[PDB]
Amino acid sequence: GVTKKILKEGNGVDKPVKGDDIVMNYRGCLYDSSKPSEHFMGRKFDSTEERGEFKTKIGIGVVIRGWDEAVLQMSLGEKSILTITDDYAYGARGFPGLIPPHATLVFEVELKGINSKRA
């Protein structure tokens, strides 16, 4: 369902667990097979650059499954690529106006915070 390619390791000690608040920068793109070397990242559909850092409780199912599983395997400060197939993202339904049916998503993510801790 989800793969996580590490771009910069985090501190290798502080890792989110179920119920933690996490703080994340991200860029989310539609999968594009013609673009290895851009990590198969095609058109951007969202990012924190244009809005502000992203905050959520993790591991309790309120974000898509690929995030909820992969983030528990990051350490504070880590920057990675998450490749998420549609059944670990928005599935058949997609997200109207933004994510097509059966879309594979590619996120570049950076774990900036876990509860009170900051990278």
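One rule holds for the numbers: they count along the sequence shown, beginning at 1.
Enquirer: Looking at the entry, does 88 to 96 or 33 to 41 show the higher mean C-alpha B-factor?
Expert: The recorded data point to 33 to 41.
Enquirer: Among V71, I60, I64, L76, which carries the highest Cα B-factor?
Expert: It is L76.
Enquirer: Would the CA B-factor of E49 place it in the lowest, middle or highest third of its chain?
Expert: As the PDB entry reports it, the C-alpha B-factor of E49 lands in the middle third of its chain.
Enquirer: Ranked by Cα temperature factor within the chain, is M24 in the lowest third, the middle third or the highest third?
Expert: For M24, the deposited C-alpha B-factor lands in the lowest third.
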